[PDB]
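In this analysis, Cβ positions are derived from the backbone assuming ideal geometry, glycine residues included, and neighbour counts consider all displayed protein chains. Taken together, the values in this text are just the output of simple stated rules run on the coordinates, not laboratory data.
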Amino acid sequence: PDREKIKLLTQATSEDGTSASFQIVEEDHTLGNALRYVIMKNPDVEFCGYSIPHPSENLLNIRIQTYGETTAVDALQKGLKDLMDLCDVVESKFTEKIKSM
Amino acid sequence: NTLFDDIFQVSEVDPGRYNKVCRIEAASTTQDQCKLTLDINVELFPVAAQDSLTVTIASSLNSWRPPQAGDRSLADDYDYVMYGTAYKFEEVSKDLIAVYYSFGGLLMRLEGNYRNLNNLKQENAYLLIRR
Amino acid sequence: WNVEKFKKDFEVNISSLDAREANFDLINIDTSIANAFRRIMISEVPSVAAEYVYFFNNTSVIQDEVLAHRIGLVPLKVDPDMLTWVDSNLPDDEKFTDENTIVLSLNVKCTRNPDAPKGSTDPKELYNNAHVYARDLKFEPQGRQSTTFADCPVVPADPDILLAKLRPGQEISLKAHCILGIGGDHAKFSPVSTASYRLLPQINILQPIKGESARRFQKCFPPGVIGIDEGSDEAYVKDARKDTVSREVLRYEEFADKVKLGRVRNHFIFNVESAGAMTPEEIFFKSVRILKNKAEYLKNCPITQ
Amino acid sequence: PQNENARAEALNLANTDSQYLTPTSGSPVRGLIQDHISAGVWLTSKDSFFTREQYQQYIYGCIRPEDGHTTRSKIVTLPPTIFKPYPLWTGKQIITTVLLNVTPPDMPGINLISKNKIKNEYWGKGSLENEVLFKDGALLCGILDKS
Amino acid sequence: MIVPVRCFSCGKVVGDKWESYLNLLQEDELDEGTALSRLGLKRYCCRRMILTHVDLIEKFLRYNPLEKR
Ligand SMILES: [Zn+2]
């Protein structure tokens, strides 16, 4: 596997898991902004934002809080999946337009 | 429950130095002594002089979260709704009183007869406006 | 929102596609994602460039490190898919393989020309090999590459790049190792002579404007942006897509009252130029794919407590 | 410093946070400058509005709740100022939200009536934006400034 | 000293364009802005690179320690 990529920051994650903070290595605004955009479309998410501690440490912090239907880890996964699917839609659309051009 | 309503007629709509907010001055059509001053995001709710606005202050609507499947509340009856705080009351004369509201900085000053504004307290309140 | 709702509303328009540059619109996509593609195209789409330069001699007027630098800026016409990445934890012997690396050589000596037309200024006729060009980088295939690259020799995308100049007696002699890298690391690896976008201009007129005002108003925007309609004689917007947003209108007092200038917030006009190795569309595809893998690689990593 | 006594002293006596006021006259020496003042005049302007998405993002980008300021282990937000036609928060709410997440929860919000450097005339007729009002920890009126 | 390879801001190759640009000014007798356009330099980023280049190298080259003057 690779365990060093994403980790939970257990000092800002609640007991019920409806709220959590993740630290992702080797990622900046590129993925961070895109991921929070997607996550915030999830109707059970009550809060979400990302931040970059410092421009010199390659680290990305994501915060997710839910209204209690799913856990914070769920929202992260739906967001990641949603993001993947969203790219597919773009790739396919672009392909068709190149063909039809 | 509802604390105050009246139909007001707008005198002035001043954009000041902003371009999304305007200061509105308007007088009641029902009370000769009741007048109003209100900052409005006029990009979301355009207002011109001589408009007639119905203005309601209510304590609740019958904590905040994006609208869901089939949510219904007092907001449905109006065009423009703001949430804010009463922060100052003042005696204007032996007969009349003014209350001051802030909606995240957009200020309202409502002056009127002390019996006409009896229900207003120094709490939070919703503001509802429709054309 | 919902991924299907997005699919139904998302749209692509391809204004112009070419071997070097693409002009196309992404419509109804969020700025965060357009921005992602843009960033990725510039900084994370791999390319091949010279990384290590091995000098055996350089008695030209240009210093080694500087010469090495320019060679690194030369865009090599190489398909990055044809190469694997170098592992930078192995010693130099193990580090560079036929799947890893491409070798270029350069070997020029400058001599004086006897047959120079007396009283000449041109260094082509005064000196032999005075000028050294990128095209002078010879591709030396190693191992399996004689086969793999037999159908596509390694050539700089811009042959006529001036690399160095010499005078009689001076020589350059070097081998360069060229590998995969990304723009975020060093800009020599960026596969674009630039990818950027603009939001589609929105010129909305706040009341009809006609007659001599129409003609006046029309001239505050580039040719073709504002049309004057026959009949109503009033001005209307032909295509905002041609507008440069100079805000010229807002200077003339008579108009500043009657026009708001905005954007269609979710409509991105992309322009992508390739440095020469891959086509624009490939570079854009590769970026849309790169973003997706980030999301996929992350979904599959275990979250350590 | 090379031993715990010196550690304790550098963290509790000579530490930067212990030295907000100067001993000369007892006035502040630490504050923000340049970009940050200009930014404040803009962010706290009446013309400043933010969608749910933006509001939440400004909050998290500056709070750093994964710190020693676990005043809560959940970020608190306000309801929007404009409910309808579209949910919008004001800049002044970003400030109130910040204070709300970093001041002690078992303790009432700050109360301040102050002034800033910009005269009311600069905003337009009837403005009160020169007056800085904090009630129960909420910025209800005025912009924030070098002052 | 010698033509830069890429435009500092664009990334666009510019180093293949010096010798031709001179030939445009010289032979075709164009002005500078017309010639820059003909070589494909559109952004002012890129026009600046060729417009204001000083081929100082041609001075350095006149001192060659490896030939009998
Ligand atoms: Zn340039």
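Could you tally the net charge around C:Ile29, taking each other residue with its Cβ under 12 Å from the Cβ of C:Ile29, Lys/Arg +1 and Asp/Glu -1? Provide the component values of the computation, followed by the final result.
On the way: positive: A:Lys93, C:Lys7, C:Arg38, C:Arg265; negative: C:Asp9, C:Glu11, C:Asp25, C:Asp30.
Charge balance in the 12 Å sphere: 0.
Apply the Debye scattering formula to the stretch B:61-120, with a single equal point scatterer on each alpha-carbon and no solvent, then give log10 I(q)/I(0) at q = 0.19, 0.23, 0.30 Å⁻¹.
So the normalised log intensities are -0.84, -1.00, -1.22.
GNM, chain D, Cα, under 10 Å: largest mean-square fluctuation among D:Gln93, D:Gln19, D:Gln54?
Answer for the Gaussian network model of chain D: D:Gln19.
When you take every Cα atom in chain B, what is the radius of gyration, and what is Dmax, the widest Cα pair distance, in Å?
14.6, 50
Would you mind checking the stretch B:47-65 for residues with the amide N under 14 Å from a putative spin-label position 7 Å along Cα→C-beta of B:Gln9?
Residues B:49-54 fall inside that zone.
With r as the distance between the Cβ atoms of C:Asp122 and C:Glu253 and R0 = 60 Å, compute the FRET efficiency 1/(1 + (r/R0)^6) and round to 0.05. Intermediate values should be presented prior to the final figure.
Details: r = 59 Å, r/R0 = 0.98.
Calculated value: 0.50.
When the Cα centres of the stretch C:200-238 and the stretch C:28-94 are compared, how far apart do they sit, in Å?
Centre-to-centre distance over Cα atoms comes out at 49 Å.
Please say if the protein assembly as shown is rounded, prolate or oblate, where rounded means a/c under 1.5 for a ≥ b ≥ c the square roots of the C-alpha gyration tensor eigenvalues, and otherwise the choice is prolate for a/b larger than b/c and oblate otherwise?
Since a/c reaches 1.5 and a/b is larger than b/c, the shape of the protein assembly as shown is classed as prolate.
Of A:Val89, A:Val25, A:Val45, which is the most mobile in a GNM of chain A whose springs link Cα atoms less than 10 angstrom apart?
Maximum among the listed residues: A:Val89.
Report, to the nearest 10°, how far helix C:31-43 tilts away from the longest principal axis of the Cα atoms in chain C, using its own Cα long axis and a range of 0 to 90°.
20 degrees
Enumerate the calculated ³J(HN,Hα) couplings along the stretch B:71-77 in order (Karplus 6.51 cos²θ - 1.76 cosθ + 1.60, θ = phi - 60°), each rounded to whole Hz, writing x wherever the residue is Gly or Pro.
Those phi angles translate into 6, 10, 7, 4, 4, 4, 7 Hz.
Within the set C:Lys77/E:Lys12; C:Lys219/E:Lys12; A:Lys78/A:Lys99; C:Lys77/E:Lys42; B:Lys20/D:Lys146; B:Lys121/D:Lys74, which residue pairs have Cα atoms separated by over 21 Å?
Working: C:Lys77/E:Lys12 15 Å; C:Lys219/E:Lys12 33 Å; A:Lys78/A:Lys99 32 Å; C:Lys77/E:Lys42 23 Å; B:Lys20/D:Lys146 25 Å; B:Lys121/D:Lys74 31 Å.
Those over the limit are C:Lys219/E:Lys12; A:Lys78/A:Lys99; C:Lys77/E:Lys42; B:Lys20/D:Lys146; B:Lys121/D:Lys74.
Given a Förster radius of 22 Å and the C-beta distance between C:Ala187 and C:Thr59 as r, what FRET efficiency does 1/(1 + (r/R0)^6) yield to the nearest 0.05?
0.15
Compute from the Cα atoms of the stretch D:1-83 the Rg and the Dmax, the latter being the longest Cα-Cα distance, and quote both in angstrom.
When restricted to the Cα atoms of the stretch D:1-83, Rg and Dmax are 18.8, 57 Å.
Write down the percent of antiparallel bridges among all DSSP beta bridges whose residues are both part of the protein assembly as shown, to the nearest 5. Walk me through the numbers before you get to the answer.
Values: 136 of 137 bridges.
Among the beta bridges of the protein assembly as shown, antiparallel pairing accounts for roughly 100 percent.
In this model, which of C:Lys109/E:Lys59; D:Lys46/D:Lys115; C:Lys242/E:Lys17 are farther than 22 Å apart at the alpha-carbon?
Result: C:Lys242/E:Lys17 exceed 22 Å.
Could you check the simple spin-label distance between C:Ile27 and B:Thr30, using points 7 Å along Cα→Cβ, in nm with one decimal?
Computed distance between label sites C:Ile27 and B:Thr30 equals 4.9 nm.
Taking every pair of alpha-carbon atoms in chain A, what share in percent sits in each 5 Å bin, from 0 to the bin with the longest distance?
Whole-percent P(r) values from 0 Å outward: 2, 12, 20, 21, 17, 11, 7, 4, 3, 1, 0.
Can you tell me the FRET efficiency between E:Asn23 and C:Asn107 if r is taken as the Cβ-Cβ distance and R0 is 25 Å, rounded to the nearest 0.05? Write out the running numbers ahead of the final one.
On the way: r = 28 Å, r/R0 = 1.11.
Using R0 = 25 Å, I get an efficiency of 0.35.
Could you run the Debye sum over the Cα atoms of chain D, one equal point scatterer each and no solvent, and tell me log10 of I(q)/I(0) at q = 0.12, 0.13, 0.19, 0.20 Å⁻¹, two decimals?
-0.65, -0.75, -1.33, -1.40
Going Cα to Cα from A:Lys97, which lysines come in below 18 Å? Please leave out same-chain ones fewer than 8 positions away.
Within reach: C:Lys7, C:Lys8, C:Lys286.
Can you give me the long-range amide H partners of C:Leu180? Hydrogens built in the peptide plane at 1.01 Å from N, cutoff under 5 Å, separation of 5 or more residues or another chain.
Under 5 Å from the amide H of C:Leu180 lie the amide H atoms of C:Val86, each far enough along the sequence or on another chain.
Which residue fluctuates the most in chain D, going by a Gaussian network model with Cα springs under 10 Å, if the choices are D:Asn101, D:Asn15, D:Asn111?
Answer for the Gaussian network model of chain D: D:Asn15.
Roughly speaking, what is the centre-to-centre gap between the stretch B:7-74 and the stretch C:250-284 when only Cα atoms are used, to the nearest Å?
So the two Cα centres are separated by 37 Å.
Note down the net charge around B:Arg109, summing +1 for each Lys or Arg and -1 for each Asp or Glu among other residues with Cβ under 12 Å from its Cβ. Please report the intermediate quantities before stating the final value.
Working: positive: B:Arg23, B:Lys35, B:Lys88; negative: B:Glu25, B:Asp39, B:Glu90, B:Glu111.
Computed value for this residue: -1.
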